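Visitor: Note that the protein sequences, when read in sequence, are chains A, B, C, D, E and F. All residue numbers for the first sequence refer to the working numbering, where the first residue is 215 and numbers rise by one. All residue numbers for the second sequence refer to the working numbering, where the first residue is 75 and numbers rise by one. All residue numbers for the third sequence refer to the working numbering, where the first residue is 570 and numbers rise by one. All residue numbers for the fourth sequence refer to the working numbering, where the first residue is 75 and numbers rise by one. All residue numbers for the fifth sequence refer to the working numbering, where the first residue is 75 and numbers rise by one. All residue numbers for the sixth sequence refer to the working numbering, where the first residue is 75 and numbers rise by one.
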Amino acid sequence: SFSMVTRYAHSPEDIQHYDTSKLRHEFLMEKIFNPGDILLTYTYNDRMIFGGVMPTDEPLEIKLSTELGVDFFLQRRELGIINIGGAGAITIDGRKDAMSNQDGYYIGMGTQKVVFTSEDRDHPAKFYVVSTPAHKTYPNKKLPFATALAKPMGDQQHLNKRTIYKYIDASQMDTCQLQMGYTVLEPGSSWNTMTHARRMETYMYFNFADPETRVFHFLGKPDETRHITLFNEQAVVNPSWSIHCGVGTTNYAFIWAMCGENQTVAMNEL
Amino acid sequence: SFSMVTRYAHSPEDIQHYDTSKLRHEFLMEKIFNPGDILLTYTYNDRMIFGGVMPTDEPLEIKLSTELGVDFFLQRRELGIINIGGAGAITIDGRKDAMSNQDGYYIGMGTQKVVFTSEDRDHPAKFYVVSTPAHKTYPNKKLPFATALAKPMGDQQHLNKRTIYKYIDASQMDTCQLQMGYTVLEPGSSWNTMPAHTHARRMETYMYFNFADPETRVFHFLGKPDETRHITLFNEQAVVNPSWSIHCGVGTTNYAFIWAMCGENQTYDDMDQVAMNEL
Amino acid sequence: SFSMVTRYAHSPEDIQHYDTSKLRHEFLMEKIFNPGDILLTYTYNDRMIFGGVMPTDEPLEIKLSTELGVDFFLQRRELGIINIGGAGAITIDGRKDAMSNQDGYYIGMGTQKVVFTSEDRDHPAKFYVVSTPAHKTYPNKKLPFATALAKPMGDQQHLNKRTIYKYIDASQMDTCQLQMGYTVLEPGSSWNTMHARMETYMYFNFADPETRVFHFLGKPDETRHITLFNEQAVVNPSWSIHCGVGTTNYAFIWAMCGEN
Amino acid sequence: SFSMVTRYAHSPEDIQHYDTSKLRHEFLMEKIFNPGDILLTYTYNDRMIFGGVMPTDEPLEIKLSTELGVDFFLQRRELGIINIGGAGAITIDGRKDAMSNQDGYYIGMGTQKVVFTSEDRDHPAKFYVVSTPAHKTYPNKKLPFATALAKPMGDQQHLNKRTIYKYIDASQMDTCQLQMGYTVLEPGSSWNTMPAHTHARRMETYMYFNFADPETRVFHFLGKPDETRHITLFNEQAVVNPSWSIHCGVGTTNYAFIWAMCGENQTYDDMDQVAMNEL
Amino acid sequence: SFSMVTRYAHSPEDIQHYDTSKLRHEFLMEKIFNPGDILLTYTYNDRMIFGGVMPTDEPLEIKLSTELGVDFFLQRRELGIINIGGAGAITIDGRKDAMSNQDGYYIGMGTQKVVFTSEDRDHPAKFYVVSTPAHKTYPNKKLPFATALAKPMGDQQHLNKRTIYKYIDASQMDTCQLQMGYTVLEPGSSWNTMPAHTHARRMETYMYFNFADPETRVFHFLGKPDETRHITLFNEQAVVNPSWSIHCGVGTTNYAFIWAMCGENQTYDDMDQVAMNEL
Amino acid sequence: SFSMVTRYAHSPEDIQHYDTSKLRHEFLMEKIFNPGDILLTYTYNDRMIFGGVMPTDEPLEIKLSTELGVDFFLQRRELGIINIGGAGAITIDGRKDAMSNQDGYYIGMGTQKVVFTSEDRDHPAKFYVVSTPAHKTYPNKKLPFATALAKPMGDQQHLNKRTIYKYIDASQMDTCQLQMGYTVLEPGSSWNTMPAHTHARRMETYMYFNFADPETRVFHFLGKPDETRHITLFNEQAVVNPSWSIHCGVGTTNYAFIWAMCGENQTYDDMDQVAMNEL
Ligand SMILES: [Zn+2]
Ligand SMILES: [Zn+2]
Ligand SMILES: [Zn+2]
Ligand SMILES: [Zn+2]
Ligand SMILES: [Zn+2]
Ligand SMILES: [Zn+2]
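Following this line, the structure appears as structure tokens:
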């Protein structure tokens, strides 16, 4: 089936008395990949659309045209995709392109038809998609995981030994506002980003080491923080006014997506 | 003489128990033009910046560079100007251009220096500015009030007899996401946008001015269609209408207002019309 | 076909956090005229009773006795009626009196039987009634629309060109507490009333079927609003302003009481 | 040295979450008698005025004229007076009448000048006044304490052995809407309105005084029968009980209180008794 | 049936805006004696367990072993019993002891099996039990009502004429932290603990019973001395009083109540007594 | 410079709408060791007293007698001490005993005088004290760090590699209701109590210190298992965990913490393990 939900924006003052269940409602997407479904969220935090498409038997396309006041999905929007699942393919205005595990794609404004397929149905592909408003059309570009540039950072003393792969980066590509990346924490480290008011971020956590892994994501004003506890393959959206960092009981990975009006804190928490 | 304040976005459920003072603070810009000053707002409703610059003696320029993460103000933004005051002038990267009353200007992305001047100091120009994030450079275009096309609408039976001027309209011009217009109500009429609407892919800012006599007040309605609130406006004040909110107002006398809109599309037939069954 | 509900009084700080649904409940009488029914409100704002009686086949009378601790309705109360519907009649302790459209009546304390009938059932009379505590008997009096003094007021620039008709006015009549009038807004005007020692407004005669009236209440610096359909009523406590604006013109009946 | 404060009416739902401090503010008059002052409350509970006048050197009169939309205080109001203090005298449009301790007076509508004096300055008179809106003039009547009819009731088992004095009673005199009485609790018993009640067409105001010893306290109960609250009282304080509320009290020792009532009917049977089933 | 509910502790500031229904839930045990049942509360106010045991046909035992992290109920706890019902008996490690009406028993730490029985089924025994954490074992002691020491106090002037019985009193017996007593009010008096107090290193639980006639009600007051609340009680109900709280009551008629106390000391001198100036 | 503050208990429902600032106030002791000072808190969770003693020039004694209703501090209480600072000494009923870093002491009920000294003033000793109510006197015992039994646990995959030292342990010594231990996390590990739990018959207090670098912070979690909150801690701060609450923490680097436990059972077996499904 197809489903897209709408979550509004808030101020720090609004959430200050939200309980645990409300925080989950306004800031957490509890399900992203369901076999045969397209699950999306529309957040008024800069009007990002994010979610997953996991085709099994029929090929799937994001069919929203009139819900956005445009003739087709990408008439005034750009799209970035990373596949965290099995062998699949996306075919763009008729031209098919095979996407391996952890391969990525950027599709620019004005692309008329984008269709997601899975090769193996019992081990389907999991396309994590992020779309943002766009005013200029830029060229489409496949980002093989082989050629994604790896940057090791962190250390063991600070429990943040990870590897950052830059996928959709302004120093390597032209896009309108959208930036995506992918961070793998090495075993024995579980800590990420440890406020920009001119942009915002959304994190999608996955690849939990063992099934009993949980992740604590922190959000809020630096001196008034809250947390949201995450299972595997869930995503949390961070407003501009909020810090964004997390801890896990073990290591994990996550895809981050960023937008705002440009493309470029301290230690006093609570 | 330069000030920019920040207002956040909200959900309908958030404002549901705001008292009057909270409502005014979160949605109303109480002062826009002060002689010699630049007064602006940053709303996280689609990151619009709006406000006024009113040059008297020295020219003024909106010098936001690093507060926005860019090298100059308009490095990733477009700009629209309407002059509601006296004879003034704008100089754009060295090129001077005279702006009489009700003249308007569109400035495209990448324009590096925009400097506002007034010709007569005792009757200064009142530049209402509206800026929105932009990704494509479109050409600058002065919108003379003479050549603004007038469309009369409304009637006396419904108290909405007015004349609409199109200033920055998608059917006349290329812009990234920004639209502006100017609506003047005739005497005896005081109702705007009355069959009311909500569009989910755009948002609007109303700036009320040209009040008839000094005791005029305007009641601006906002909120979900079945849970509406109002804010009482004096002359030269502005209201931010989030997408989930209706936007309409009535005055004790006639008035005028400039509306500025932005969002992810610019098509006008993307609205949900609100039937007259509301609250 | 008889109903009387009870609404309490509030302070300004009490209503400050009412949502619209609560504001509607506490301050708005959503239904007044239903054919064959008597619909009333009892407000503890000076203990006014207001409502409607719309007789169709059988005659109607407001038979409150022990609910007010008295032997008959008007034992300690005065009553005012305006008929906004069809040809009707009032029978007062046996004497029948014909009431045309927009005719009015004052009924004083001690009157034991007041009985409402309509001539044509298909076009029934719409009796808007208002009762207030009373201590002195004043004579009953028919108020024909012909004899009500009209005062034109307002202008077009301020959108409040109207005509005020006085029916129960202290300068023309004796009553204990009660004052009633009738205001008609001219086409093209919609603003009305643009006091601490209370008023109740009943709006009707909406020009077109999509007409609405926004009624404002609250302390002058902290105002709220209530949206009204045709033939609905709002009660204004002494501490509140009284204002309304409509998408078109309309008419409304006002009833007032207090200490002067 | 004159004061009148204004208290509004509430519903049961409104007060349900009042703390102790708000409950006192909304329902309690903490000071009533001050030498040389007139202290009043105006409650929108049937628009009753109650308070005290205690003259020492200069004689006092309640000069509310335009504050009530009338030419003089009693142009549309009734007045009931009881003196709980020293020997004094009140003069009515020129006629002087000496008022001893526990004497009472009823003054009808239209009386233009009422002046309260104290005879001994060091032991002054305490005039507790209660005024209620009035439409008919009824004759003035001195109610000497000698000639007031007493009725003893209650028993020792139920701690409510008392004696009731009727002062302004519909069965002994005509008044517009006002009724007053006076209850003295016997030693060893302290409980008033013991199976309590709610009349929806009348409201009552109780003023407690004559505490046995200086540390006596009275706990006055008010509220809906299933949601009750209480207010802790010192000597010579007053509490206002809405129509929707029960009204009863118990004290640590004996005391006395005068009660004043009004509404739309002067009938004593209209009340709803409450079986002892109440949270 | 066996039933034990758990109530947490609160601060003064927490209850300040409780409505009536909440106050009942957090502080009142509405049912204690039901034939054939064991009804208990565990309050995080010093971890007191109190309730009733009412055997009718089969004998009853409080078999909390692993629910408390111990091998048997009294492994780290002491127990106090007063019988307010018919002739019964309790069996202690096989040893039976007859308990008449109003007899009391103390059972010390380490006692492994305590079994409650009733002689007459149609008139069953009502064992009010209070168990408290204990670290030192003291000998078990039957406290007969005949041999209970009586102390009359109070008078009729203050409506508190009563007689106090000592049951578990640190001056006649050794216990770990538990003290129980029994107070009966005379006819014509209905006030207990009236010059009231707050001891900060101890807390009390009051259980009201023996109401005079079936329409008796008792108003128990609790809270910070300046922010007082009340709870209306029926017969055979109990209230839990936190350390920060005053505790007292008034009844429409006379009554009786058992009080149980624990804390970190057993000195009756440690109390911050409360003068009548402060609610 | 003696200071003891008093904190009350709360129910899970009470804290649910606390902001961060209330949570810090209700649950966190932000300063414990100040040179020359005794800083303690009194919590109504089982009436634990904990805090710090840091003598510089003068020896220090906890001089609480009438504040607790007893003749000397430990008249009805036991005491646990761990030294986290420089070389010091404590003298117990006259007998002096030198206490080096990480040494510990148990002082039982009835000990009359306990006097703290530090040897080097510029590097004073840090006596972290925890006191608990007691009913039986047990012998005093020095718990040297040399003879403290070390138990290594955890792994690197789960980031909880630590060493648990048992100081006051039911399997090595008799105490009334009190356990203290010590946990040192190795470099690269930060999670403590990650197989998490709640015990309903006792409660724990965590005091975190020895942060690796000055920018270390520890996030301590508390609340019902499905409704968790967190508190951010600096070095040498303490958090109080009610029985209904989970207690576990994670840091940006490694650290150490002392835990103290008390309740009605000393048994480790009695915990409800909370699985990894929690919010
Ligand atoms: Zn960031
Ligand atoms: Zn619009
Ligand atoms: Zn008015
Ligand atoms: Zn009464
Ligand atoms: Zn006590
Ligand atoms: Zn634990």
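Using N, Cα and C, we set each Cβ at its ideal position, and we do this for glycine too.
For a contact meaning CB atoms closer than 9 angstroms, what does residue 93 of chain F contact in chain A?
Guide: Locating residue 93 of chain F in the sixth sequence gives position 19, where the first residue counts as 1. Under the 9 angstroms cutoff, chain A gives 230, 231 and 438.
Visitor: Residue 768 of chain C and residue 823 of chain C: beta carbons closer than 9 angstroms?
Guide: To locate residue 768 of chain C, count along the third sequence from 1; it is residue 199. To locate residue 823 of chain C, count along the third sequence from 1; it is residue 254. Contact: yes.
Visitor: Unbroken beta strand (DSSP E) runs of length 3 or more, entirely within the stretch 354-408 of chain A: which are they?
Guide: Counting only runs of 3 or more, we get 355-357, 363-367, 376-382 and 393-399.
Visitor: Could you check whether residue 286 of chain E and residue 239 of chain E sit closer than 9 angstroms to each other, using their CB atoms as the reference points?
Guide: Within the fifth sequence, residue 239 of chain E is the residue found at index 165, counting from 1. Within the fifth sequence, residue 286 of chain E is the residue found at index 212, counting from 1. Their beta carbons are not under 9 angstroms apart, which means residue 239 of chain E does not touch residue 286 of chain E by this criterion.
Visitor: What separation, rounded to the nearest whole angstrom, lies between the Cα atoms of residue 86 of chain B and residue 297 of chain B?
Guide: By one-based count along the second sequence, residue 86 of chain B stands at place 12. By one-based count along the second sequence, residue 297 of chain B stands at place 223. Distance between the alpha carbons of residue 86 of chain B and residue 297 of chain B: 7 angstroms.
Visitor: For a test of your reading of the model: does the CB of residue 267 of chain E fall under 8 angstroms from any non-hydrogen atom of ligand 5? Yes or no.
Guide: On the fifth sequence, residue 267 of chain E is found 193 positions in, with the first residue counted as 1. Indeed, a heavy atom of ligand 5 lies less than 8 angstroms from the Cβ.
Visitor: If distances are taken between C-alpha atoms only, which option among A:276, A:323, A:261 and A:342 comes closest to residue 297 of chain A?
Guide: Working through the first sequence from its first residue, we reach residue 297 of chain A at position 83. Nearest option by C-alpha distance: A:342.
Visitor: Contact criterion: CB-CB distance below 9 angstroms. Does residue 102 of chain D meet it with respect to chain E?
Guide: Translated into positions along the fourth sequence, residue 102 of chain D becomes position 28. No, its Cβ sits nowhere closer than 9 angstroms to a Cβ of chain E.
Visitor: Indicate whether residue 293 of chain E and residue 219 of chain D have their beta-carbon atoms separated by less than 9 angstroms.
Guide: On the fifth sequence, position 219 is the one that residue 293 of chain E refers to. On the fourth sequence, position 145 is the one that residue 219 of chain D refers to. No, these two residues do not count as a Cβ contact at 9 angstroms.
Visitor: Just the Cα atoms here: how many angstroms apart are residue 190 of chain E and residue 309 of chain E?
Guide: Here residue 190 of chain E refers to the residue found at position 116 of the fifth sequence. Here residue 309 of chain E refers to the residue found at position 235 of the fifth sequence. Whole-angstrom Cα-Cα distance: 23 angstroms.
Visitor: What residues in the stretch 658-677 of chain C have a beta carbon less than 7 angstroms from any beta carbon of chain D?
Guide: From the stretch 658-677 of chain C, no residue has a Cβ closer than 7 angstroms to chain D.
Visitor: Compile a chain-ordered list of the residues in the stretch 194-222 of chain E whose CB is closer than 9 angstroms to at least one CB of chain F.
Guide: Listed by position along the chain: 207, 208, 209, 210 and 211.
Visitor: Can you give the beta carbon distance from residue 460 of chain A to residue 406 of chain A, rounded, assuming they're within the 8 angstroms contact cut?
Guide: Working through the first sequence from its first residue, we reach residue 460 of chain A at position 246. Working through the first sequence from its first residue, we reach residue 406 of chain A at position 192. With 8 angstroms as the limit, residue 460 of chain A and residue 406 of chain A qualify as a contact, their Cβ atoms being about 5 angstroms apart.
Visitor: Give the interface partners of residue 579 of chain C over in chain D, defined as CB-CB distance under 9 angstroms, in chain order.
Guide: If you number the third sequence from 1, residue 579 of chain C lands on position 10. The contacting residues are 82, 83, 84, 85 and 88.
Visitor: Classify residue 140 of chain F as helix, strand or coil using the three-state DSSP reduction.
Guide: The residue labelled residue 140 of chain F in the question sits at position 66 within the sixth sequence. Helix at residue 140 of chain F.
Visitor: Pull up the DSSP beta-bridge partners for residue 345 of chain A, would you.
Guide: Your numbering for residue 345 of chain A matches position 131 in the first sequence. Paired residues: A:263 and A:293.
Visitor: Confirm, please, whether the CB-CB distance from residue 118 of chain F to residue 83 of chain E is below 9 angstroms.
Guide: To locate residue 83 of chain E, count along the fifth sequence from 1; it is residue 9. To locate residue 118 of chain F, count along the sixth sequence from 1; it is residue 44. Going by C-beta atoms, residue 83 of chain E is nearer than 9 angstroms to residue 118 of chain F.
Visitor: May I ask you to list, following chain order, the residues of the stretch 251-263 of chain B that have a beta carbon less than 9 angstroms from some beta carbon of chain C?
Guide: Within the stretch 251-263 of chain B, the qualifying residues are 261, 262 and 263.
Visitor: Quick one: which residues of the stretch 228-247 of chain D get their C-beta closer than 7 angstroms to a C-beta of chain E? List them in chain order.
Guide: Within the stretch 228-247 of chain D, the residues whose Cβ lies closer than 7 angstroms to some Cβ of chain E are 230, 231, 232 and 233, listed in chain order.
Visitor: In angstroms, rounded to a whole number, what distance separates the CA positions of residue 836 of chain C and residue 821 of chain C?
Guide: Nothing about residue 836 of chain C can be reported from this structure: the residues present for chain C run from 570 to 829 only.
Visitor: Ignore the nearest five residues each way along the sequence and tell me which others in residue 596 of chain C's own chain have a CB closer than 7 angstroms to its CB.
Guide: In the third sequence, the residue the question calls residue 596 of chain C occupies position 27. Correct list, in chain order: 786, 795, 803 and 804.
Visitor: In terms of residues, what are the limits of the alpha helix (DSSP H) holding residue 303 of chain B?
Guide: Here residue 303 of chain B corresponds to residue number 229 of the second sequence, with the count starting at 1. Segment 303-307 is the beta strand (DSSP E) holding residue 303 of chain B; no alpha helix (DSSP H) there.
Visitor: Using a C-beta cutoff of 9 angstroms, does residue 794 of chain C count as contacting chain B?
Guide: Along the third sequence, one-based indexing puts residue 794 of chain C at 225. Chain B contact via Cβ: present.
Visitor: Residue 121 of chain D to residue 210 of chain D, Cα distance in whole Å?
Guide: Your numbering for residue 121 of chain D matches position 47 in the fourth sequence. Your numbering for residue 210 of chain D matches position 136 in the fourth sequence. Those two C-alpha atoms are separated by around 17 angstroms.
Visitor: Hey, quick one: how far does the beta strand (DSSP E) through residue 552 of chain C stretch, first residue to last?
Guide: What the structure shows of chain C is the stretch from 570 to 829, and residue 552 of chain C is not part of that stretch, so it cannot be assessed.
Visitor: What would DSSP say about residue 94 of chain B, mapped onto helix, strand or coil?
Guide: As a first step, residue 94 of chain B must be located in the second sequence, where it is residue number 20. Helix at residue 94 of chain B.
Visitor: Which bits of chain C does residue 29 of chain B rub up against, with CB to CB less than 7 angstroms?
Guide: The structure shown does not extend to residue 29 of chain B, since chain B is modelled only from 75 through 353, so no value can be given for it.
Visitor: Report yes if the CB atom of residue 180 of chain B is closer than 9 angstroms to the CB atom of residue 249 of chain B, and no otherwise.
Guide: What you label residue 180 of chain B is simply residue 106 of the second sequence in a count that begins at 1. What you label residue 249 of chain B is simply residue 175 of the second sequence in a count that begins at 1. Taking 9 angstroms as the Cβ cut-off, residue 180 of chain B and residue 249 of chain B qualify as a contacting pair.
Visitor: Run through chain F and tell me which residues come within less than 8 angstroms of residue 185 of chain E, C-beta to C-beta.
Guide: Counting from 1 along the fifth sequence, the entry for residue 185 of chain E is found at position 111. Those within 8 angstroms of residue 185 of chain E in chain F number zero; the least Cβ separation is about 16 angstroms.
Visitor: In chain B, which residues lie less than 7 angstroms from residue 779 of chain C when you measure between Cβ atoms?
Guide: As a working mapping, residue 779 of chain C is identified with position 210 in the third sequence. Correct list: 350.
Visitor: Evaluate residue 169 of chain B with the Cβ neighbour count: other Cβ atoms within 10 Å of its Cβ, from every protein chain shown; 16 or more gives buried, anything less gives exposed.
Guide: Here the question's residue 169 of chain B lines up with position 95 in the second sequence. Exposed: under 16 other Cβ atoms inside 10 Å.
Visitor: Say the cut is 8 angstroms; is the CB of residue 315 of chain B nearer than that to a heavy atom of ligand 2?
Guide: Within the second sequence, residue 315 of chain B is the residue found at index 241, counting from 1. Result yes, Cβ under 8 angstroms from ligand 2.
Visitor: If we call anything under 9 angstroms between Cβ atoms a contact, is residue 374 of chain A one with residue 306 of chain A?
Guide: For the purposes of this step, residue 374 of chain A is identified with residue 160 of the first sequence, where counting begins at 1. For the purposes of this step, residue 306 of chain A is identified with residue 92 of the first sequence, where counting begins at 1. Not a contact, by the Cβ cut-off of 9 angstroms.
Visitor: Whose C-beta lies closer than 6 angstroms to the C-beta of residue 623 of chain C among residues of the same chain, with five residues either side of it excluded?
Guide: By 1-based counting over the third sequence, the position of residue 623 of chain C is 54. Contacts found: 602, 604, 693 and 695.
Visitor: Can you tell me whether residue 271 of chain D is helix, strand or coil according to DSSP?
Guide: By one-based count along the fourth sequence, residue 271 of chain D stands at place 197. Here residue 271 of chain D sits in strand by DSSP.
Visitor: Report yes if the CB atom of residue 391 of chain A is closer than 9 angstroms to the CB atom of residue 346 of chain A, and no otherwise.
Guide: Mapped onto the first sequence, residue 391 of chain A falls at position 177. Mapped onto the first sequence, residue 346 of chain A falls at position 132. Yes, these two residues count as a Cβ contact at 9 angstroms.
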